[PDB]
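The structure appears below as structure tokens.
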Amino acid sequence: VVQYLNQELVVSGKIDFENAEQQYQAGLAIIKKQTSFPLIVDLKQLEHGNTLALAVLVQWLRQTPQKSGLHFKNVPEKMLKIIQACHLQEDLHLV
Amino acid sequence: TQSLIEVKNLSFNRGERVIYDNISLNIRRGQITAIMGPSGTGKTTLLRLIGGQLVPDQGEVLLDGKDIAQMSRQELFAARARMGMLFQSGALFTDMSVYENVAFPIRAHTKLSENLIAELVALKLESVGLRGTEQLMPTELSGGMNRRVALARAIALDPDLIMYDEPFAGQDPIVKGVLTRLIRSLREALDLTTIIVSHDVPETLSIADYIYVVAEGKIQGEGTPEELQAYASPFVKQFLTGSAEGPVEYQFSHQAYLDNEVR
Amino acid sequence: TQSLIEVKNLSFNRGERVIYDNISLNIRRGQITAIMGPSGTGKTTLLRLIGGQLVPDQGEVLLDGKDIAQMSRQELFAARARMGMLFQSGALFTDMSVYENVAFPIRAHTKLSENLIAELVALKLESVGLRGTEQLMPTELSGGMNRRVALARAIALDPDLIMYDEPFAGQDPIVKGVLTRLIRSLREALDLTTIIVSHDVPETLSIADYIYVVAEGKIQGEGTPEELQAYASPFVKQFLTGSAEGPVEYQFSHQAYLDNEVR
Amino acid sequence: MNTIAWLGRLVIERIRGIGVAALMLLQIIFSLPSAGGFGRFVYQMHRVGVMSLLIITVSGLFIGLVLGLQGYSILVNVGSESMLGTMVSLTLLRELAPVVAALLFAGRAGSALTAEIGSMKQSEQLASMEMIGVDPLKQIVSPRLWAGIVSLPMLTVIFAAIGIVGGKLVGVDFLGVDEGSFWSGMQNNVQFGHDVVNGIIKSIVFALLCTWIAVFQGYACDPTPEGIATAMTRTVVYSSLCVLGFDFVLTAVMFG
Amino acid sequence: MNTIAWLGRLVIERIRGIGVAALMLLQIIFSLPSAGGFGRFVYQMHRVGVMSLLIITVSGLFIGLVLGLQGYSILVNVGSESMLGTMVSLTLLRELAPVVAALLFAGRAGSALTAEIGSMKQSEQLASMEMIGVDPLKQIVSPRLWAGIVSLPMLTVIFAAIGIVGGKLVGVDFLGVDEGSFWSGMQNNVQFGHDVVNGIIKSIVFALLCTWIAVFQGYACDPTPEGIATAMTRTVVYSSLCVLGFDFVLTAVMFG
Ligand SMILES: CCCCCC/C=C/CCCCCCCCCC(=O)O[C@H](COC(=O)CCCCCCCCCCCCCCC)COP(=O)(O)OC[C@@H](O)CO
Ligand SMILES: CCCCCC/C=C/CCCCCCCCCC(=O)O[C@H](COC(=O)CCCCCCCCCCCCCCC)COP(=O)(O)OC[C@@H](O)CO
Ligand SMILES: CCCCCC/C=C\CCCCCCCCCC(=O)O[C@H](COC(=O)CCCCCCCCCCCCCCC)COP(=O)(O)OC[C@@H](O)CO
Ligand SMILES: CCCCCC/C=C\CCCCCCCCCC(=O)O[C@H](COC(=O)CCCCCCCCCCCCCCC)COP(=O)(O)OC[C@@H](O)CO
Ligand SMILES: CCCCCC/C=C\CCCCCCCCCC(=O)O[C@H](COC(=O)CCCCCCCCCCCCCCC)COP(=O)(O)OC[C@@H](O)CO
Ligand SMILES: CCCCCC/C=C\CCCCCCCCCC(=O)O[C@H](COC(=O)CCCCCCCCCCCCCCC)COP(=O)(O)OC[C@@H](O)CO
């Protein structure tokens with residue numbers, strides 16, 4: 158209900174600073190043991206992404222090969238409104 | 002026309018001065034609602050009643066059906082986590098730097114780690130346009146930028162209602178220009194519901210969607226900025242134009258000047 | 002183009018802050034001259050130099066050829082009988098009442114009888130529109146009417162130069178409307194020469210005849226309000242309109258946000 | 003009876019003002035402590051206590067110089083110049099060091115507390131803190147109250163110590179009384195529990211009154227630039243009348 | 003040496019501030035009188051003098067009550083309870099009535115003078131009066147200076163009179179000393195020229211210092227709402243250090 162591994166991690170559920178500490182920590186444990194880092198995060202099944210779902214995504218980007226090493230799948234149309242609102246419209250990688 | 006805040010028949014008084022005699026307002030969701038009026042009145046006292054700092058005398062203010070006056074200490078603390086308010090001077094806490102001003106409402110409604118608080122503050126400050134200014138004091142901030150730090154603090158918990166009182170005042174057209182781009186942009190990016198209490202007519206009508214005009218105790222006109230002027234009372238005209246014809250008097254009372262002995 | 006006040010190459014400083022680096026201004030007679038600019042600067046410090054309260058550091062201000070800095074105590078006292086100044090708050094002497102506020106500059110430059118002073122005050126107060134209000138204090142005067150008592154005091158000696166600093170600010174369009182009818186009417190009735198120091202662009206261009214724009218130390222543009230916009234620099238544009246394109250920066254400095262360690 | 007009605011309306015609003023300030027004090031001292039509240043108290047010990055250290059030190063030295071100069075002129079005519087250290091130390095410890103150090107605390111550290119809280123009310127930082135969901139009585143008012151109750155009894159002990167050092171300097175080192183008789187007459191007649199501790203009990207009562215008045219007048223201010231300045235001269239007048247009024251009551255119990 | 007440079011820059015601006023206040027005083031007292039200037043002085047005797055009459059009267063009574071209660075306990079053990087009126091009147095007339103009445107004048111009437119002149123500077127009534135052609139040093143500042151030099155020596159005489167009446171009330175009427183020996187011992191040892199006039203000469207020196215500081219800090223203020231409040235606590239600190247500092251110098255001359 159939060160995230161699995163599934164050969165590239167599927168962020169699911171909802172991040173609203175009452176559970177938003179293990180969802181950063183459990184997702185970080187995948188980043189510890191990943192090899193070569195081409196993995197793409199699947200922002201498929203969120204529904205209330207608001208500036209804190211983004212706050213745990215940038216925290217995963219800082220602990221990665223280089224300063225990037227991370228891609229993203231299709232965005233639920235509420236979260237990439239906040240990507241360009243925070244001028245990160247061309248700083249991450251979206252396929 | 003689903004209304005978030007809905008006011009019904011309230012009355013306030015401040016030293017036997019009538020403010021809001023008998024007035025009903027509907028604040029619809031996802032829309033800018035402006036409350037214009039002449040100055041010297043208590044125009045900003047509605048935002049003190051919505052957030053809850055003063056108590057009305059014969060009225061009830063409904064936040065999604067729940068009254069704010071009849072509301073305990075753990076419902077009022079949870080209601081205030083859905084509201085932000087930017088005061089006119091941008092009421093920044095002096096001693097606290099720009100980082101712990103923005104992080105003040107976060108640390109009041111959270112138990113968050115230090116590394117995620119420093120990422121929320123860096124994203125709120127940069128969405129306003131103030132990324133590099135985090136460690137310096139509120140003094141020496143070039144006061145048109147004090148109202149931009151105070152907008153990041155008023156938005157940090159990602160609310161659903163934000164209240165501005167007089168954002169358009171004696172400001173530069175450059176400084177007034179940055180705020181009008183920020184008020185429209187931040188409410189599509191976050192799906193907010195804004196209330197603006199001002200009396201800057203050429204700037205408010207170009208940003209609002211439903212204007213109320215409150216002269217002395219009641220609504221003198223309401224509607225879309227297209228239909229407010231067309232169905233205008235003979236007060237809304239003078240106010241929205243500044244002409245000599247209307248109910249307010251330019252002379253003191255009435256005389257002929259050759260009727261009093263001077264000395 | 003006969004100039005009453007004529008400024009030539011002055012420089013002022015206030016705590017190592019540059020105000021008026023090297024600037025020359027011509028105040029022609031019988032015409033409204035506006036000095037617009039961004040706020041936070043020392044825009045009102047020119048009117049303190051014309052009337053004579055501060056001293057410039059490398060400059061001379063010429064009142065009809067005579068310099069005000071090199072001027073003795075009986076020429077400066079006689080020069081100030083030709084000038085009036087309305088401050089922004091309308092600096093009325095508290096304990097004094099509406100009658101002895103207006104009669105204060107009369108009793109300083111006259112030896113007049115009591116029955117003619119009470120006729121000058123009754124004609125000055127009524128030419129503004131305040132005939133019946135003579136015996137009551139400055140407190141409880143409904144502060145948009147404080148600036149009308151202070152306009153009668155600033156005009157009582159019938160001067161030839163009157164200086165307003167920020168008459169258009171956070172005011173109602175009704176209160177701002179009375180002043181714009183009074184600024185035009187009083188200078189045809191008395192043949193004055195006005196200087197307005199403001200930053201209210203839509204109101205100033207409709208009342209002025211020669212606008213100077215002073216950004217940081219010098220003129221960025223001058224002329225008739227028709228020709229100021231047509232020959233506009235890429236500062237008078239942003240300023241005159243409030244757009245995003247120009248020399249002033251909306252971002253703090255320059256970064257990419259993925260270049261700093263946060264914490 | 004136009005001013006008689008104005009006089010009666012004046013003293014009713016002052017009686018009602020004591021009722022608001024009493025309920026404000028019971029809401030501060032009867033509440034649970036919270037997170038990060040000790041560090042706010044140590045910051046306000048710097049603003050109230052350490053900032054007042056220079057007026058208190060120099061004023062205590064100047065008062066001890068006058069006591070040793072005046073007290074020598076009395077005692078030398080009755081053959082009791084050896085009792086100079088007894089009368090210098092007992093005048094400070096039971097009368098002058100609790101009272102004069104509370105009149106300089108009400109002027110410097112009392113009038114600066116009602117200007118800091120009052121300008122937070124004018125610039126609407128107290129209304130902005132309340133609508134966030136933080137009580138300003140706990141965040142702002144409560145560290146400032148406890149820092150004044152601790153700092154004034156710590157400052158009358160420094161007041162009395164330099165007053166005795168200043169009185170020894172004019173008496174022994176300039177007027178020429180015996181040094182061994184200065185300290186031995188003092189160690190014989192001055193008790194610790196009856197003279198030193200009774201001076202600390204006075205300055206704790208004065209520190210509660212001088213700080214509760216200074217904190218109330220800034221909170222219940224009039225947020226207007228000459229409504230703040232009217233409040234700052236009310237904390238100097240009301241604290242000085244309460245210090246001199248409670249001083250007669252405490253000496254009639256302790257030394258009567 | 004970053005704060006050492008800040009400390010040296012601080013005491014240079016304070017030395018330069020005494021130079022501006024000295025030239026400001028010589029411009030007031032060496033000038034010709036003008037028209038309507040006596041009526042402005044009688045109005046400021048109401049604001050400075052009559053407004054301070056209630057704090058001075060009640061504080062003088064409370065201090066005389068403590069002096070008659072403490073002075074009875076000393077004198078009764080050496081068989082000299084008839085010298086109670088001598089020590090009560092001579093403690094007030096030469097020490098306490100010049101000094102304590104100047105510490106309450108600096109707090110009430112001194113800090114209210116620097117708030118009234120300072121809010122005229124903020125609201126630009128001083129700049130508007132100057133551009134009309136009237137010197138504000140003569141119209142505004144000069145009636146307020148002379149009303150404080152006259153009102154403080156008139157208020158220490160009322161302070162000393164109720165202190166003796168308050169000390170007679172606890173000594174004679176409650177502790178039971180002889181009434182005829184109270185006044186006869188006082189009329190024998192208290193002289194008019196050496197004890198009463200020397201207390202008035204003290205309070206004229208204190209009234210000049212307490213009013214020149216209070217008037218200067220409002221004129222050379224910082225017209226900003228917490229630049230006025232910083233100035234009001236500077237007139238209470240600087241006047242209290244000057245009152246206690248000049249008190250040692252004046253007793254070493256008069257009674258040394
Ligand atoms: C002949 C006898 C010789 C004396 C023998 C004593 C020997 C010396 C040893 C010890 C000294 C004892 C002297 C009495 C002590 C005075 C006690 C007192 O005066 O009590 C004070 C009351 O003060 C206030 O209300 C102002 C109210 C004052 C009225 C209080 C009435 C006091 C009555 C009870 C005291 C018993 C006195 C015992 C002495 C005989 C309280 O002081 P604090 O603890 O700081 O409380 C802090 C305050 O903020 C309260 O919250
Ligand atoms: C053994 C002798 C016993 C004494 C016998 C005297 C008998 C009693 C009779 C009369 C009392 C005389 C006692 C001395 C009087 C002190 C004079 C004094 O102290 O002079 C004061 C100086 O004060 C200031 O500067 C503060 C500066 C103080 C330093 C001044 C030095 C004074 C030196 C001359 C005084 C001669 C003393 C004569 C006494 C022997 C001036 O006081 P004012 O007139 O109010 O001036 C108003 C001020 O604002 C100045 O503008
Ligand atoms: C006889 C019984 C004891 C005498 C007292 C009698 C008075 C009645 C009882 C008082 C004690 C009751 C306990 C409750 C105290 C309530 C005050 C309080 O609890 O204040 C606290 C401050 O910490 C604080 O104790 C301030 C922190 C400590 C202050 C005191 C420090 C003591 C150190 C000096 C002690 C002297 C001992 C030295 C002896 C030589 C909490 O304030 P905040 O955290 O900022 O709130 C902020 C948030 O809520 C929202 O932002
Ligand atoms: C046995 C007997 C027991 C006795 C025990 C000993 C008694 C105590 C002994 C000594 C106590 C000395 C008092 C020290 C005062 C410390 C004050 C202090 O330390 O305060 C400082 C400022 O003091 C300031 O104004 C600078 C303050 C003014 C500077 C003073 C200038 C006057 C002196 C110069 C003139 C010389 C005197 C003339 C002599 C002929 C702090 O600076 P701020 O910028 O305000 O705050 C900074 C904060 O934000 C963070 O740091
Ligand atoms: C030893 C010599 C004398 C001691 C003094 C020593 C000090 C140095 C000399 C001082 C005297 C010099 C004379 C010049 C005085 C300059 C002050 C002055 O002249 O002030 C005047 C005020 O009147 C005024 O005297 C104020 C009006 C009178 C004030 C005093 C009133 C005296 C009443 C009490 C006297 C006590 C006597 C009682 C004895 C029991 C003029 O002010 P304004 O009219 O408002 O100006 C306004 C216009 O300019 C523009 O608007
Ligand atoms: C031989 C011995 C010699 C001794 C000689 C005698 C000594 C003097 C004796 C008496 C002196 C009494 C003092 C009188 C004080 C007069 C003050 C005054 O008269 O001031 C008035 C206001 O006082 C005000 O605040 C009202 C002030 C507060 C009112 C007081 C309320 C406290 C009292 C009520 C509580 C009772 C006390 C408790 C007892 C158990 C003036 O009013 P304002 O509106 O401000 O100004 C109006 C102006 O614009 C024009 O008029």
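Residue numbers (my numbering), protein chains in the order written: chain L, 158 to 252; chain P, 2 to 264; chain X, 2 to 264; chain S, 3 to 258; chain Z, 3 to 258. Where is the CB? At the ideal position from N, CA and C, for every residue including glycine.
- Opening and closing residue of the beta strand (DSSP E) in which residue 4 of chain X lies: In the third sequence, counting from the first residue as 1, residue 4 of chain X sits at position 3. It spans 4–9 - the beta strand (DSSP E) in which residue 4 of chain X sits, taken as one unbroken run.
- Does the segment 135–153 of chain Z come close enough to the segment 24–36 of chain Z that 3 or more CB-CB pairs lie under 8 Å? yes
- Starting from the C-beta of residue 237 of chain P, find all residues in its chain whose C-beta is less than 8 Å away, skip the five residues before and the five after it, and write them out in chain order. The residue given as residue 237 of chain P occupies position 236 in the second sequence. Excluding positions up to five away in sequence, the list reads 214, 221, 222, 229, 230.
- Based on the DSSP output, what are the partners of residue 166 of chain P in its beta bridges? Translated into positions along the second sequence, residue 166 of chain P becomes position 165. According to DSSP, which records beta bridges pairwise, residue 166 of chain P is partnered with P:198.
- Item | Rounded C-alpha distance that separates residue 33 of chain P from residue 211 of chain P | Here residue 33 of chain P refers to the residue found at position 32 of the second sequence. Here residue 211 of chain P refers to the residue found at position 210 of the second sequence. Cα-Cα distance, rounded: 7 Å.
- Task: Out of X:181, X:198, X:192, X:173, point me to the one whose CA is closest to residue 205 of chain P's CA.
- Result: Within the second sequence, residue 205 of chain P is the residue found at index 204, counting from 1. The option with the nearest alpha carbon to residue 205 of chain P is X:173.
- Can you give, in chain order, each stretch of the beta strand (DSSP E) that sits fully within the segment 45–112 of chain P and has at least 3 residues? 61–64, 84–87
- Task: Drop a sphere of 10 angstroms on the beta-carbon of residue 203 of chain Z, count the other beta-carbons inside from all chains shown, and report buried for 16 or more, exposed for fewer.
- Result: To locate residue 203 of chain Z, count along the fifth sequence from 1; it is residue 201. It counts as exposed.
- Query: In whole angstroms, what is the alpha-carbon distance linking residue 241 of chain Z and residue 108 of chain S?
  - Reply: Numbered from its first residue, the fifth sequence carries residue 241 of chain Z at position 239. Numbered from its first residue, the fourth sequence carries residue 108 of chain S at position 106. Near 14 Å, if we compare the C-alpha coordinates of residue 108 of chain S and residue 241 of chain Z.
- Message: Just to confirm the assignment, what range does the alpha helix (DSSP H) spanning residue 181 of chain Z have?
- Response: Translated into the one-based positions of the fifth sequence, residue 181 of chain Z becomes position 179. In the DSSP assignment, residue 181 of chain Z falls within the unbroken alpha helix (DSSP H) covering 181–191.
- Message: Bridge partners for residue 169 of chain L per DSSP, in chain order?
- Response: In the first sequence, the residue the question calls residue 169 of chain L occupies position 12. Answer is L:202, bridged to residue 169 of chain L.
- Proximity below 8 Å, CB of residue 264 of chain P to CB of residue 115 of chain X: Counting from 1 along the second sequence, the entry for residue 264 of chain P is found at position 263. Counting from 1 along the third sequence, the entry for residue 115 of chain X is found at position 114. In contact: residue 264 of chain P and residue 115 of chain X (Cβ atoms closer than 8 Å).
- residue 167 of chain P touches chain X at which residues, Cβ-Cβ below 8 Å? Mapped onto the second sequence, residue 167 of chain P falls at position 166. Within 8 Å Cβ-Cβ: 171.
- Can the beta-carbon of residue 121 of chain P be found closer than 8 Å to that of residue 208 of chain L? Counting from one through the second sequence, the residue named residue 121 of chain P turns up at place 120. Counting from one through the first sequence, the residue named residue 208 of chain L turns up at place 51. Contact flag set, yes.
- Going straight from the alpha carbon of residue 215 of chain Z to that of residue 252 of chain P, what length do you get? Here residue 215 of chain Z is taken as the residue at index 213 of the fifth sequence, counted from 1. Here residue 252 of chain P is taken as the residue at index 251 of the second sequence, counted from 1. Spanning the two alpha carbons is a distance of roughly 47 Å.
- Item | heavy atom of ligand 6 below 7 Å from residue 134 of chain P C-beta | Position 133 of the second sequence, counting from 1, holds the residue named residue 134 of chain P. The answer is no for residue 134 of chain P.
- Local Cβ density within 10 Å of residue 176 of chain S, reported as buried at 16 or more and exposed below that: By 1-based counting over the fourth sequence, the position of residue 176 of chain S is 174. Exposed is the call here.
- Message: Less than 8 Å between CB atoms is the rule here; does residue 22 of chain S satisfy it with respect to chain P?
- Response: Mapped onto the fourth sequence, residue 22 of chain S falls at position 20. No, its Cβ sits nowhere closer than 8 Å to a Cβ of chain P.
- Under 7 Å from the C-beta of residue 209 of chain L: neighbouring residues of chain P: To locate residue 209 of chain L, count along the first sequence from 1; it is residue 52. Within chain P, the residues near residue 209 of chain L are 121.
- Query: Could you give the uninterrupted runs of the alpha helix (DSSP H) lying entirely in the segment 28–63 of chain S, keeping only those of 4 residues or more?
  - Reply: The segment 28–63 of chain S contains these whole alpha helix (DSSP H) runs: 39–47.
- Query: For a contact meaning CB atoms closer than 9 Å, what does residue 150 of chain Z contact in chain S?
  - Reply: In the fifth sequence, the residue the question calls residue 150 of chain Z occupies position 148. Ordered by position in chain S, no residue passes the 9 Å Cβ test against residue 150 of chain Z, which lies about 15 Å from the chain.
- Message: Per DSSP, what are the beta-bridge partners of residue 223 of chain X in this structure?
- Response: Looking up residue 223 of chain X in the third sequence gives position 222. X:213.
- Item | Test: residue 146 of chain X CB closer than 8 Å to a CB of chain Z | As a first step, residue 146 of chain X is located in the third sequence; it is residue number 145 there, counting from the start. False, the Cβ-Cβ gap to chain Z never drops below 8 Å.
- Compute the Euclidean distance between the alpha carbons of residue 101 of chain P and residue 91 of chain P, then round it to the nearest angstrom. Counting from 1 along the second sequence, the entry for residue 101 of chain P is found at position 100. Counting from 1 along the second sequence, the entry for residue 91 of chain P is found at position 90. Their backbone Cα atoms lie some 15 Å apart in a straight line.
- Go through its chain and collect everything with a Cβ distance to residue 63 of chain Z's Cβ below 8 Å, but skip five positions before and after it. Walking along the fifth sequence from the start, residue 63 of chain Z turns up at place 61. Cβ within range, chain order: 164, 165, 167, 168.
- Item | Below-8 Å beta-carbon distance, residue 86 of chain P vs any chain S residue | On the second sequence, position 85 is the one that residue 86 of chain P refers to. Chain S contact via Cβ: present.
- Examine ligand 3 and report whether any of its heavy atoms sits within less than 7 Å of the Cβ of residue 144 of chain S. For this step, residue 144 of chain S is matched to residue 142 along the fourth sequence. At least one heavy atom of ligand 3 lies less than 7 Å from the C-beta of residue 144 of chain S.
- Query: Could one say the Cβ of residue 224 of chain L lies closer than 8 Å to chain X's Cβ atoms, at least one of them?
  - Reply: The count along the first sequence starts at 1 and reaches residue 224 of chain L at position 67. True, the Cβ-Cβ gap to chain X drops below 8 Å.
- Item | Candidates P:66, P:96, P:108, of which the one nearest residue 82 of chain P by Cα | Numbered from its first residue, the second sequence carries residue 82 of chain P at position 81. Looking at the Cα atoms, P:108 is the closest of the given residues.
- Item | Beta carbon shell of ligand 6 at less than 7 Å from a heavy atom | S:9, S:12, S:13, Z:48, Z:52, Z:53, Z:55, Z:56, Z:59, Z:160, Z:163, Z:164, Z:167
- Item | Simplified DSSP assignment, three categories, for residue 232 of chain L | As a first step, residue 232 of chain L is located in the first sequence; it is residue number 75 there, counting from the start. Secondary structure at residue 232 of chain L: coil, using DSSP grouped into helix, strand and coil.
- Whole beta strand (DSSP E) elements within the segment 126–213 of chain S, 3-residue minimum: You should have found no qualifying run.
- Mind checking residue 114 of chain S: buried by the 16 CB within 10 Å criterion, or exposed? By one-based count along the fourth sequence, residue 114 of chain S stands at place 112. Flag for residue 114 of chain S reads buried.
- Task: Could you tell me which residues DSSP pairs with residue 160 of chain L in its beta bridges?
- Result: As a first step, residue 160 of chain L is located in the first sequence; it is residue number 3 there, counting from the start. Paired residue(s): L:168.
- Proximity test, residue 255 of chain Z beta-carbon vs ligand 2 heavy atom, cut-off 7 Å: The sequence position of residue 255 of chain Z within the fifth sequence is 253, counting from 1. Yes, the Cβ of residue 255 of chain Z comes within 7 Å of a heavy atom of ligand 2.
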